[PDB]
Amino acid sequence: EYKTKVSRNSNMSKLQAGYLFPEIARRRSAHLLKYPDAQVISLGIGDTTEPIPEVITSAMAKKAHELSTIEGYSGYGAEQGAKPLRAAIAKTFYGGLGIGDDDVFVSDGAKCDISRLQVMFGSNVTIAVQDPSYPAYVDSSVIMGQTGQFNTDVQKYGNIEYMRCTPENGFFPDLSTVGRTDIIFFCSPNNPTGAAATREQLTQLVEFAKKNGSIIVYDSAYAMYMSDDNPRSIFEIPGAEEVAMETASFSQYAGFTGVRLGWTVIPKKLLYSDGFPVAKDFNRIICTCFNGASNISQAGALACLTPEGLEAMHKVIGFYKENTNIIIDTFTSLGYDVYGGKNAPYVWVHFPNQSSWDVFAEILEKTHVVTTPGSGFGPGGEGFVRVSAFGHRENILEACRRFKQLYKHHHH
């Protein structure tokens, strides 16, 4: 059996298992072999379920049609994205926050931008993440060589600064206790906890990055779910343009999870220690490692950013926020400490004194409802389960009655 003489990338070897969501997919499949007739409801992966609004799909169809006309055909786009789309994103989301069209970089979504940013930052930076949070910041970090090995004692990669976000701290790190790193990944509203940082917290965040000379990578993918009067962009914090960039996506606003369209904003005043603008290196990465978001996806996003698009998106968002209420009420009425839900389509449920993988296995086993074990998001998620509110209304309602049956004798 022939083998090349190329060594496996030693950063790939560092990873402890596969990406969490494939692991759940595999456990779901195993469950359906065990229970061939089970009506499985997924509240696991944060995947949108409701149709894209027609105003948006019509623009995509019209663009597809135009590609077969002489006047309408277009080929390669500027890798930064169509100017009018960059302009629409700059005005709609950062109007008055001093962001130009040219600070916006359109991508095929936030997961890809995080990895492209990690390529730009390179192997020699250190990172901080919320603990828990979205597994891609850590995993991208390991793959690029920014970490040591996984320590199975603490459930942590070496050299990553994990900032615990717990009910006892209001799901915001105690920054006086957080070590300096080059990069701070900060997601708000947070996946998985649902917690949105207040203006005073984000102010502390920017102050902390400024004294440490760090870069905040701010993930606003769920900002449109905000209910409380908290900032939706890091650039609402004066000083942020010196220490922060932001990544966003239409995945969770327009149901573009399969259509693929996000953006990153890197401000002009964000500079490396030698004065070099970070936006110039990202622009290099985006020109060399990427050939632009799909022309049809970009036509769809442009349609989102119109009175009719914004109205359609708000309505779908409103639907998921009502699902989220149904879920919150269910657990609260069952006597659980339930977190998130207010500002985010995730409910973060406290299952103390159990391993979250066990709670996950139990719920799956007995109710045929898939959830996401907290420990999939880091050692700070242990003791919790994330429940996703994306689903048709009937499925949400049915999941909740299955919860009520499962848990009626736990509480008290």
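Residue numbers run from 1 along the displayed sequence.
- The stretch 30-38 shows the higher mean C-alpha B-factor when 30-38 is compared against 372-380 in the entry.
- If you average the C-alpha B-factors over 203-211 and over 331-339, the higher value belongs to 331-339.
- Take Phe121, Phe185, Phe250, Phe150 and read off each C-alpha B-factor from the entry; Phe150 has the highest.
- Of the candidates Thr181, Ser133, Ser107, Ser297, the one whose C-alpha carries the top B factor in the deposited record is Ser133.
- Remark: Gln155 belongs to the highest third of its chain, ranked by C-alpha B-factor as recorded.
- Sort the modelled residues of the chain by CA B factor and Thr4 lands in the lowest third.
- Among the modelled residues of its chain, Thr367 has a C-alpha B-factor that falls in the highest third, as given in the PDB entry.
- Among all modelled residues in this chain, the alpha-carbon of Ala240 has a temperature factor (C-alpha) in the middle third.
- Among all modelled residues in its chain, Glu246 ranks in the lowest third by Cα B-factor.
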